[PDB]
Number of protein chains: 4
Amino acid sequence: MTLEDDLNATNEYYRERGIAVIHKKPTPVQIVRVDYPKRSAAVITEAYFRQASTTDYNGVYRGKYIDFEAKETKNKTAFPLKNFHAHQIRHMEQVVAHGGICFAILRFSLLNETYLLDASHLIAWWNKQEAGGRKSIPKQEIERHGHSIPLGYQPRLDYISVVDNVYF
Amino acid sequence: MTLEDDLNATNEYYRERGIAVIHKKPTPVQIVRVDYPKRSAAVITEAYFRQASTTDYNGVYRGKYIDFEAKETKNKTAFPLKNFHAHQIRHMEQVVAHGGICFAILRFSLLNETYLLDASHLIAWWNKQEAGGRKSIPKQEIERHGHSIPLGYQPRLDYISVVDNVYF
Amino acid sequence: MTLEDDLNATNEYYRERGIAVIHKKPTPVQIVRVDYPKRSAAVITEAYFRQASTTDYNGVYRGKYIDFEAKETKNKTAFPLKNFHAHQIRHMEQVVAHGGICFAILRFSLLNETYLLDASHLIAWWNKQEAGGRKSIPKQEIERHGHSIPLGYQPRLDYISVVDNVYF
Amino acid sequence: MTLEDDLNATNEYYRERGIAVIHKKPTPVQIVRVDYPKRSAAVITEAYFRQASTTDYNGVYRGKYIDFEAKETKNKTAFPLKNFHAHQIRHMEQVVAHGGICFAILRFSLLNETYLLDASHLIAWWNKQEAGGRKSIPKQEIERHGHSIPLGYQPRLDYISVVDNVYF
Ligand code: NI
Ligand code: NI
């Protein structure tokens with residue numbers, strides 16, 4: 001069970017219970033060729049994968065825009081920043097600036113530890129890497145600036161309960 | 001150009017100017033077949049459109065979740081309700097219940113007339129088809145209950161100005 | 001007592017005290033047969049119930065149109081959606097689009113608990129049934145997005161104090 | 001082509017076109033005995049006509065409570081106040097006090113002249129009758145204090161267009 005799997009089930013749990021309306025953004029593709037047979041499915045015959053200009057999850061919760069990225073590592077001491085891309089980091093900056101609720105869910109998959117971290121800490125650590133600093137955020141930095149997410153069932157990853165305390 | 005083109009330019013404009021962070025969602029695609037060519041990039045050679053479970057645009061403006069659907073018609077007297085799909089309408093109802101700002105941008109492309117119609121109106125009309133009901137929204141409904149969007153350049157379609165007037 | 005009786009006493013209290021002018025709509029009745037006796041008043045001897053085209057309560061409070069459906073259940077965990085009829089959910093959708101204040105009063109009669117739930121939530125839940133959404137609103141949703149109504153006397157069910165806090 | 005007939009067709013047209021949500025209150029009847037046969041309609045076996053405590057039509061237009069009574073007279077020079085009842089007048093007083101839009105639709109059937117008359121005037125004349133005054137309002141007073149509703153095609157009696165001018 002990957003983080004993505006745990007998030008798909010969590011987001012569905014939340015939607016089914018009326019707790020929050022959060023979807024994973026569909027994989028982005030540029031469709032070039034398609035044909036349209038009379039009474040059967042349109043078929044894409046030529047399309048390319050594009051780069052996402054935005055993070056992977058968004059939706060609404062108590063009238064607010066929620067926006068996040070979710071990543072997991074096998075590393076035991078630090079979260080590597082290679083998982084993140086510049087476009088995503090710049091998108092997040094724009095969301096925070098406009099009053100969105102924006103964060104990363106970070107899983108240390110060998111320690112069974114999941115954290116919510118506000119985008120501002122992530123943006124900062126990314127800009128330090130840009131300026132030539134570390135290429136991974138120390139785990140104790142995440143524990144201190146982020147929020148442990150208890151992992152159970154219904155939901156598997158109860159991040160909205162963290163969002164409730166941190167942002168409202 | 002198309003409403004989708006004009007909205008792309010408009011969303012770009014708002015992002016660049018620090019006005020609003022709004023993006024089109026990618027059409028969901030079921031990939032069936034990918035090929036790996038001579039020098040160039042990977043090509044999806046067969047793929048299908050999945051039914052979308054949300055509306056096409058979302059993001060954040062002045063701290064609020066903003067969500068909307070954009071449709072155009074060549075009809076001159078009414079907006080056909082078959083332009084909107086069951087799953088899009090359900091998403092809209094859910095967004096409204098969760099305190100989000102949700103509306104439709106409707107274009108009579110033959111008339112050069114674009115309106116913003118709050119979701120509540122689209123929900124009522126669409127849901128009313130059931131008991132016979134109209135299969136379209138008369139243009140008069142859209143003029144009396146909706147809001148004309150001034151077309152131009154920078155932005156192409158200034159919906160945010162109308163949103164300021166309606167929802168704030 | 002029944003919710004209907006408590007709402008009758010409550011509305012009469014609101015009218016006598018100059019707070020709100022709210023009335024129950026009489027049950028629509030197809031009259032088939034009528035007897036005329038000696039001294040006695042005319043009697044309806046055969047009649048049928050019609051499908052209701054609206055919700056059962058409406059009126060005016062502080063310049064606003066107020067419209068509501070009141071239902072009760074003996075269920076302990078969820079409110080059954082079958083208690084609401086298509087024509088009433090339609091009506092609510094239209095009232096909301098027309099700028100009215102529209103909600104549901106939900107009583108769990110075995111628990112002695114009464115909640116106000118805005119129409120937007122009932123519309124999202126009820127319309128979600130269609131694809132295979134559940135057939136009841138979990139009480140958790142009603143607790144999360146609805147508003148407990150104080151019960152006592154003068155009035156029996158003080159829903160106008162909740163209306164004031166939610167809509168004004 | 002009776003006033004009730006014309007109002008029925010008009011009210012339905014308004015609903016169909018998304019103009020207003022206005023219905024006639026159903027006939028009040030006290031339901032005493034009913035049978036609930038096994039898989040068949042419920043049958044009211046004993047019931048009585050009760051006195052209506054409110055006026056006949058109400059609903060929502062543009063966020064406002066609309067409430068009216070519709071009466072016609074064969075008299076050619078005055079409208080008899082006998083068509084009105086104290087309890088309706090008291091209800092109209094309470095609607096006005098609480099910010100409702102309340103009026104009467106008065107038709108001279110032999111003249112084909114229909115007037116919207118604000119509840120204020122009806123209340124004033126009624127209370128004069130009560131102090132031992134005229135039991136009928138001269139048609140020239142209804143002309144000067146009322147607002148003419150011409151007969152049309154769609155709808156028959158376009159009272160909402162008079163409502164929009166008088167109250168908005
Ligand atoms: Ni409308
Ligand atoms: Ni809800």
# chains A, B, ... in the order shown; residues from 1 in each chain; ligands from 1
>>> interface_residues(of="chain D", to="chain B", cutoff="10 Å", atoms="only C-alpha atoms", output="list in words")
residues 16, 17, 18, 19 and 62 of chain D
>>> select_by_dssp(residues="region 12-155 of chain C", states="strand (DSSP E)", output="ChimeraX atom specification")
/C:21-24,29-35,43-49,57-61,64-73,78-80,101-108,113-118,136-138,147-148
>>> write_last_selection(atoms="C-alpha atoms", output="PDB file, in the first residue's frame")
ATOM      1  CA  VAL C  21     -45.076  34.880  10.018  1.00  0.00           C
ATOM      2  CA  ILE C  22     -44.797  31.220   9.197  1.00  0.00           C
ATOM      3  CA  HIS C  23     -47.548  28.719   8.328  1.00  0.00           C
ATOM      4  CA  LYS C  24     -47.909  25.059   7.443  1.00  0.00           C
ATOM      5  CA  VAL C  29     -56.578  16.844  -1.250  1.00  0.00           C
ATOM      6  CA  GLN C  30     -58.528  15.511  -4.257  1.00  0.00           C
ATOM      7  CA  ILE C  31     -62.166  15.530  -3.162  1.00  0.00           C
ATOM      8  CA  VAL C  32     -64.331  12.820  -4.671  1.00  0.00           C
ATOM      9  CA  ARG C  33     -67.466  12.760  -2.498  1.00  0.00           C
ATOM     10  CA  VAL C  34     -69.352  15.035  -0.098  1.00  0.00           C
ATOM     11  CA  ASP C  35     -72.427  14.437   2.094  1.00  0.00           C
ATOM     12  CA  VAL C  43     -68.863  16.013   5.300  1.00  0.00           C
ATOM     13  CA  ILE C  44     -66.108  14.845   2.919  1.00  0.00           C
ATOM     14  CA  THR C  45     -66.856  11.112   2.622  1.00  0.00           C
ATOM     15  CA  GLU C  46     -64.267  10.121  -0.014  1.00  0.00           C
ATOM     16  CA  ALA C  47     -61.059  11.985  -0.883  1.00  0.00           C
ATOM     17  CA  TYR C  48     -57.500  11.243  -1.974  1.00  0.00           C
ATOM     18  CA  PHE C  49     -54.080  12.653  -1.117  1.00  0.00           C
ATOM     19  CA  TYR C  57     -43.719  25.407   5.600  1.00  0.00           C
ATOM     20  CA  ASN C  58     -43.178  28.906   4.323  1.00  0.00           C
ATOM     21  CA  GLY C  59     -43.423  32.550   5.420  1.00  0.00           C
ATOM     22  CA  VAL C  60     -41.501  35.738   6.067  1.00  0.00           C
ATOM     23  CA  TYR C  61     -38.835  36.613   8.564  1.00  0.00           C
ATOM     24  CA  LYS C  64     -36.757  37.211   3.766  1.00  0.00           C
ATOM     25  CA  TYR C  65     -38.680  34.304   2.337  1.00  0.00           C
ATOM     26  CA  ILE C  66     -38.347  31.243   4.604  1.00  0.00           C
ATOM     27  CA  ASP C  67     -39.244  27.770   3.380  1.00  0.00           C
ATOM     28  CA  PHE C  68     -38.775  24.430   5.048  1.00  0.00           C
ATOM     29  CA  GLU C  69     -39.648  20.744   5.181  1.00  0.00           C
ATOM     30  CA  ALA C  70     -39.901  19.105   8.601  1.00  0.00           C
ATOM     31  CA  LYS C  71     -39.311  15.332   8.883  1.00  0.00           C
ATOM     32  CA  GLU C  72     -38.794  12.881  11.735  1.00  0.00           C
ATOM     33  CA  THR C  73     -37.291   9.374  11.964  1.00  0.00           C
ATOM     34  CA  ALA C  78     -28.842   8.157   9.801  1.00  0.00           C
ATOM     35  CA  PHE C  79     -31.746  10.114   8.344  1.00  0.00           C
ATOM     36  CA  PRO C  80     -33.542   8.136   5.559  1.00  0.00           C
ATOM     37  CA  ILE C 101     -33.910  30.853   2.844  1.00  0.00           C
ATOM     38  CA  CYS C 102     -34.522  27.127   2.615  1.00  0.00           C
ATOM     39  CA  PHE C 103     -33.718  24.367   5.017  1.00  0.00           C
ATOM     40  CA  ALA C 104     -34.905  21.128   6.523  1.00  0.00           C
ATOM     41  CA  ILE C 105     -35.880  20.428  10.125  1.00  0.00           C
ATOM     42  CA  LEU C 106     -34.698  16.866  10.949  1.00  0.00           C
ATOM     43  CA  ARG C 107     -35.891  15.129  14.063  1.00  0.00           C
ATOM     44  CA  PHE C 108     -34.471  11.912  15.504  1.00  0.00           C
ATOM     45  CA  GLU C 113     -32.679  15.605  18.847  1.00  0.00           C
ATOM     46  CA  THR C 114     -33.679  18.215  16.282  1.00  0.00           C
ATOM     47  CA  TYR C 115     -31.461  19.907  13.690  1.00  0.00           C
ATOM     48  CA  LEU C 116     -31.725  22.559  11.025  1.00  0.00           C
ATOM     49  CA  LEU C 117     -29.914  21.579   7.776  1.00  0.00           C
ATOM     50  CA  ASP C 118     -29.573  24.065   4.929  1.00  0.00           C
ATOM     51  CA  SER C 136     -29.583   8.072   4.150  1.00  0.00           C
ATOM     52  CA  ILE C 137     -27.711  10.998   5.583  1.00  0.00           C
ATOM     53  CA  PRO C 138     -25.368   9.812   8.348  1.00  0.00           C
ATOM     54  CA  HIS C 147     -27.245  23.039  13.632  1.00  0.00           C
ATOM     55  CA  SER C 148     -28.804  21.713  16.782  1.00  0.00           C
TER      56      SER C 148
END
>>> closest_residue(among="C:143, C:56, C:93, C:130", to="ligand 2", atoms="only C-alpha atoms and all ligand atoms")
C:143
>>> select_by_dssp(residues="region 1-153 of chain C", states="alpha helix (DSSP H)", output="number ranges by chain")
C: 3-16, 86-97, 119-128, 139-145
>>> residues_around(residues="residue 90 (chain A)", least_positions_apart="2", cutoff="12 Å", atoms="only C-alpha atoms", output="VMD selection string")
(chain A and resid 53 to 55 84 to 88 92 to 97 102 119 to 120 122 to 124 126 to 127) or (chain B and resid 15 to 16 21)
>>> write_last_selection(atoms="C-alpha atoms", output="PDB file, in the first residue's frame")
ATOM      1  CA  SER A  53       2.019  22.896 -14.127  1.00  0.00           C
ATOM      2  CA  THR A  54       0.391  22.255 -10.751  1.00  0.00           C
ATOM      3  CA  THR A  55       0.387  19.948  -7.674  1.00  0.00           C
ATOM      4  CA  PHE A  84       9.534  18.136  -6.064  1.00  0.00           C
ATOM      5  CA  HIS A  85       9.636  20.266  -9.182  1.00  0.00           C
ATOM      6  CA  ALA A  86       9.970  24.024  -9.673  1.00  0.00           C
ATOM      7  CA  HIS A  87       6.578  24.513 -11.373  1.00  0.00           C
ATOM      8  CA  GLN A  88       4.824  22.839  -8.379  1.00  0.00           C
ATOM      9  CA  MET A  92       2.136  26.634  -4.229  1.00  0.00           C
ATOM     10  CA  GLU A  93       3.596  30.135  -3.679  1.00  0.00           C
ATOM     11  CA  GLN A  94       0.736  31.535  -5.703  1.00  0.00           C
ATOM     12  CA  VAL A  95      -1.840  29.530  -3.746  1.00  0.00           C
ATOM     13  CA  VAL A  96      -0.543  30.588  -0.343  1.00  0.00           C
ATOM     14  CA  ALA A  97      -0.365  34.229  -1.457  1.00  0.00           C
ATOM     15  CA  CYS A 102      -1.485  24.515   0.737  1.00  0.00           C
ATOM     16  CA  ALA A 119       3.900  24.881   1.798  1.00  0.00           C
ATOM     17  CA  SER A 120       5.842  27.829   3.219  1.00  0.00           C
ATOM     18  CA  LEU A 122       8.622  23.510   1.700  1.00  0.00           C
ATOM     19  CA  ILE A 123       8.998  26.632  -0.522  1.00  0.00           C
ATOM     20  CA  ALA A 124      11.752  27.903   1.811  1.00  0.00           C
ATOM     21  CA  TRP A 126      13.377  24.511  -1.988  1.00  0.00           C
ATOM     22  CA  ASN A 127      14.705  28.093  -2.396  1.00  0.00           C
TER      23      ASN A 127
ATOM     24  CA  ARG B  15      -2.115  34.334 -12.560  1.00  0.00           C
ATOM     25  CA  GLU B  16       0.539  36.665 -14.029  1.00  0.00           C
ATOM     26  CA  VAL B  21      -4.935  31.244  -9.220  1.00  0.00           C
TER      27      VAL B  21
END
